[PDB]
Amino acid sequence: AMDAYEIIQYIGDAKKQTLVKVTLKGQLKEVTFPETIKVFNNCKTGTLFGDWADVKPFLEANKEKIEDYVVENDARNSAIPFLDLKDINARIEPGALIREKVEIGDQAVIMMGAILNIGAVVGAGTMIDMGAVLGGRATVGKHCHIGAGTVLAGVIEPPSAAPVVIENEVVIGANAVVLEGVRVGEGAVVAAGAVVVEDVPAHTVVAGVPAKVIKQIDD
Amino acid sequence: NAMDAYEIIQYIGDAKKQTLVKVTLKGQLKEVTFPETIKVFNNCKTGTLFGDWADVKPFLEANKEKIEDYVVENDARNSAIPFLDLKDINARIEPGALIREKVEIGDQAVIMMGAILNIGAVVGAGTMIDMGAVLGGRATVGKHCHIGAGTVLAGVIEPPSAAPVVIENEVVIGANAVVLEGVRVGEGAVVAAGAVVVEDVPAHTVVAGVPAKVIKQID
Amino acid sequence: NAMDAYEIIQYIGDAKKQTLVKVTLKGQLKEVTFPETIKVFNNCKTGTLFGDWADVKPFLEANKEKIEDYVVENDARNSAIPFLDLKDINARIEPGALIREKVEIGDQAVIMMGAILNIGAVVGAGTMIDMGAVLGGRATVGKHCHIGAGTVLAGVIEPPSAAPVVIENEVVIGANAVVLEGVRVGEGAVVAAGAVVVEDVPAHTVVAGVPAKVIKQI
Ligand SMILES: [Cl-]
Ligand SMILES: [Cl-]
Ligand SMILES: [Cl-]
Ligand SMILES: [Cl-]
Ligand SMILES: [Cl-]
Ligand SMILES: [Cl-]
Ligand SMILES: [Mg+2]
């Protein structure tokens, strides 16, 4: 019941960071590393992991002992961590971007380049296809197919607001959009390129910008 | 050739699911025995391991006494299909493009940032696949086409007898368009931004709309 | 600056294509001579190399009898345009955003995961570029805008005399919309989800549809 409130609380607690991986060489036994940097070094070479705010002044301080370095970096002032994928009972392909507090059901499939925002829920056996986007709290049922490039609009604030809810066995075409708070009924089909602005009854096909009922199917 | 779609499904059935990790660690490593299943680049002090999580996890547990600290880097979970080795291809592929094995990239093609090429996709000579575009399984693009940003060319892996999307030479497709399964877009045709193409496009015609219709013949 | 578009094209023509690799290797490395074209971090046993594949590939072959094993990491092929250093920017850029050099990101802008910013793109102060959105070459967004997930703002690199997409302040654009080349969206306008904007949008109007039309004055 308090999920949406606890998401906003988690976000407000999250600490902005600019995490870097540094490879370096030099007279590293002469170097003094602070507790703030995770360091993996021998006397000759090393690998450092840490926030740029700690690493930058560190490199400046030891410039005379460090011969050369490379800094790798992916993000800036980013607070929300990404989800640990290593133990999930599902399939997540490389280039998928999944934030913390996302729920991925058993034997779901998250394709290359899909993006799952905080609070997103993916039911068991569901495919989120390539480049698809699940906004904050967007909720997908079981054995659904969310087409390549489709956007399910996000709803973080206000926490009392209903997120997008995709019921079971839904197929949504490529590059469609489902707007905030819209419910797509069980077994329904949303055509490629549709913009779904109101609830879709179970077992109907909708299509168009904006989507209209085009057909009622018998399963 | 004629067996290509069959050979794709066979390659996928043969692919082994893996949770590849990169581990940076330190400790008493001369006292550590690494198993055959892990690639390891170490001194007696620090080191880097590449392996499947199913091997690396029980390893890290088995050697907890000797391992002082570690970091695990991971991108994918239970992913079976390898990505394409880009290094020797006679084309341009920008960072963030996600390209699976068994994709065919013609001479002097350009694959922009964030484009996603699924297994079996074919990109002809001189073609640009623009930012965030998606080529589904077996989607075939001719020579000197421009596939606009965010465009989805629908995938057809199964059944193998099904025709894929075929884009003929010199076609330009607008941003965030969709071409549905098995559709042929004729030579020199133009597809407007945001169109959903549901049936074959004649050569040298412009189509537009959701669903797309013929809007003018080009001379 | 009046020269901006010309200078972007100059910068591209000057960028050198590269196939950058990171190589982890092990072997008898004290016996190896690493050329000055490769950045090298090694002890006698193991090392890390950074360099262009054109230099690293014949180096690996020349030294195969000394190198026991290696792993090559690579991201790109024949890529010339560098990416933007994010580290000192006064803004928020999330992981997986792809942002080229000569992109301007204003104070407390937000660049969400998977957004794509091409060379010349300008993002104004307090503007959000949402997940999966694409700013084409020279696309210009004002202050306190919201560019919705999956939206494409069309690019204009050549000809340099052509106007880019210009989004004025306080604009909201819905998900998976498209703004075509040279189109100006007026202050405080709303573009509906899925719209294709083919012509200028008046300030404080709502436009919708494929092609977009005025549906409301706000
Ligand atoms: Cl797959
Ligand atoms: Cl969101
Ligand atoms: Cl380019
Ligand atoms: Cl596909
Ligand atoms: Cl955020
Ligand atoms: Cl562009
Ligand atoms: Mg997209």
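A short reminder: the numbers here are calculations on the coordinates, not readings from a lab. All Cβ positions, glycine included, derive from the backbone under ideal geometry; neighbour counts span all protein chains shown.
Relative to the compact-globule scaling 2.2 N^0.38 Å, provide the ratio for the alpha-carbon radius of gyration of the range C:108-194.
0.94
Hey, which of these cross-link pairs are over 29 Å Cα-Cα: B:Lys87/C:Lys26; A:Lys16/A:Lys86; A:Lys56/B:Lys57; A:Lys142/C:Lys143?
From B:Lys87/C:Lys26; A:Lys16/A:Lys86; A:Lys56/B:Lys57; A:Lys142/C:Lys143, over 29 Å: A:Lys56/B:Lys57; A:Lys142/C:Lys143.
Which of the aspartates and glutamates could be linked to B:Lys39 by a straight reach, that is with a Cα gap under 19 Å, when you skip same-chain ones fewer than 8 residues away?
B:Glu31, B:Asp52, B:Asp55, B:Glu61, B:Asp69, B:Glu73, B:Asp75, C:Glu65, C:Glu68, C:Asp69, C:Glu73
Partner chain Cβ atoms within 10 Å, averaged over the residues of B:76-86 - can you pull that number for me?
6
Report the convex hull volume per residue for the range C:94-141, counting only C-alpha atoms, in Å³.
Residue-normalised Cα hull volume stands at 53 Å³.
For helix C:4-14, report the angle its Cα long axis makes with the longest principal axis of the Cα atoms of chain C; keep it between 0 and 90° and round to the nearest 10°.
So the inclination is approximately 20 degrees.
Label C:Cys44 and B:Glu199 with points 7 Å out from Cα along Cα→Cβ: what is the distance between them in nm?
7.7 nm
When DSSP assigns beta bridges and you keep just the ones with both residues in chain C, what percent turn out antiparallel, to the nearest 5?
About 45 percent, rounded to the nearest 5.
In what order do B:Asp14, B:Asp107 fall by count of nearby beta-carbon atoms within 10 Å, going from fewest to most?
Lowest count first: B:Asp14, B:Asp107.
Based on DSSP, what percent of beta bridges with both residues in the protein assembly as shown are antiparallel, to the nearest 5?
Taking every DSSP beta bridge with both residues in the protein assembly as shown, the antiparallel ones total about 45 percent.
How big is the charge dipole of the range B:82-219 about its Cα centre, in debye rounded to the nearest 20, if each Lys and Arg gets +1 on its Cβ and each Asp and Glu gets -1 on its Cβ?
Dipole about the Cα centre, nearest 20: 180 debye.
I'd like the projected area of the range B:23-177, averaged over all directions, using the convex hull of its alpha carbons. Report it in nm² with one decimal.
If I average the Cα hull's projected area over directions, I get 11.3 nm².
Roughly what angle does helix C:53-62 make with the longest principal axis of chain C, taking Cα atoms, 0 to 90 degrees, to the nearest 10?
Rounded to the nearest ten degrees, it is 20.
Looking only at other chains, what is the average number of their beta-carbon atoms within 10 angstrom of each beta-carbon in A:139-149?
Per residue, the average neighbour count from other chains is 3.
Along the charge dipole of the protein assembly as shown, pointing to its positive end and built from +1/-1 on Cβ of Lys, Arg, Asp and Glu, which listed residue (A:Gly105, B:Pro95, C:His146) has its Cα farthest out?
Looking along the dipole axis, the top candidate is B:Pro95.
For C:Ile105, list long-range residues whose amide hydrogen, built 1.01 Å from N in the peptide plane, is under 5 Å from its own amide hydrogen.
C:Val123
Taking the simple approach of a point 7 Å from Cα along Cα-to-Cβ for both B:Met3 and A:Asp3, what is their distance in nm?
Distance between the two pseudo-spin positions: 4.9 nm.
Only counting other Cβ atoms within 10 Å, I'd like C:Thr19, C:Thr151, B:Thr37 sorted with the fewest neighbours first.
Lowest count first: B:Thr37, C:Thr19, C:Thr151.
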